[PDB]
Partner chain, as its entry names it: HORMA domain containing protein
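Have a look below at one chain only, the form deposited without the partner chain, in structure tokens format.
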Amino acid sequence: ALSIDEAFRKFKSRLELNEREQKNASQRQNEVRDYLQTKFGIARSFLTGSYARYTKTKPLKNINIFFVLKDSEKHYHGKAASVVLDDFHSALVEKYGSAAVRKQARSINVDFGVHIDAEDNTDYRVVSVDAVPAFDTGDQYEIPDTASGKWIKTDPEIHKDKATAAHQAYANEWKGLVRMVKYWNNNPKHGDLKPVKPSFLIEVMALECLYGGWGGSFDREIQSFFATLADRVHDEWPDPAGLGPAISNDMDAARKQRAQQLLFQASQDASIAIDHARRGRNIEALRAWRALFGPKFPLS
């Protein structure tokens, strides 16, 4: 019979990237890069965002690939964001069909048609990539921004370095706790709209909302993490690197109130699980944790 710690560590391992998934991400990168280089001047590409920080939850969706545009494409830098995104969109629809391709704020999503079963298993295949037109300006990158109509600065290496620093200060448990809350945020039980938008905001908040080092127990850490996220979701959350626009403006007021309510509900659901465990009702506690997170949380 599983202890609470044993169950959380199994959950954590189920959310870790493995070698077969990595090989699949690399293969999709080759496929999309080789194609896009026939349509645009692209010097190089790279896997980035949460995928590269080991903070992307499962199943693996919306893996960012920056496609670094050559000087021959510099005309795009002085044009509206929708122009380069339109061109990337049309190219990718031509190859993958309209149903598979979706415009996003700072990327085009390509969905490979990989089946996600009800247990969140894909036979070790990535679900989709976010294709990002990008210019390397020297100090950082610039990518298209639908909200402003223009281009914004981003340095994913600052995000990576600070995720690594938080993780080292948290006894190597920070990244896993982030992936667990992102798994909860993705739970179909919440409906069509996730509690927190974008998912990246959970990680930005966690840089401040996990603190004091690792406390030693997953269940208390998760409870307090949810409670802190509820209390702070209305704060301003700038780009931590100080380069791009704030991360906290994608939710309108009603959406943020809902975010706070669902995060607080999660903190209460976690408290119930903690109370079960305190009283020796261990299979009851595991059932409470599974109802909160979803099927990847184990009962045995």
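Positions refer to the first chain, counted from 1.
Keep in mind that the form solved in complex with the partner chain is not shown, yet the notes after this line are about it.
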item: Whether 109, 127 and 160 all lie within 4.5 angstroms of the partner chain in the deposited bound form by heavy atom; value: no
item: Distance check, residue 170 to the partner chain in the deposited bound form, heavy atom within 4.5 Å; value: yes
item: Partner proximity in the deposited bound form: residue 70 to the partner chain, non-hydrogen atom cutoff 4.5 Å; value: no
item: Non-hydrogen atom contact residue 54 with the partner chain in the deposited bound form at 4.5 angstroms; value: no
item: The partner chain contact in the deposited bound form: residue 232, any heavy atom under 4.5 Å; value: yes
item: Position in contact with the partner chain when the complex is considered in the deposited bound form, options 190, 220, 77, 95, heavy atoms within 4.5 Å; value: 220
item: Among the candidates 104, 186, 140, 228, the residue which, in the deposited bound form, approaches the partner chain to within 4.5 Å (heavy atoms); value: 228
item: Listed range touching the partner chain, judged in the deposited bound form by heavy atoms within 4.5 Å, from 220-228, 87-95, 196-204, 141-149; value: 220-228
item: In the deposited bound form, residues of 263-280 near the partner chain [heavy atom within 4.5 Å]; value: 264, 267, 268, 271, 272, 274, 275, 278, 279
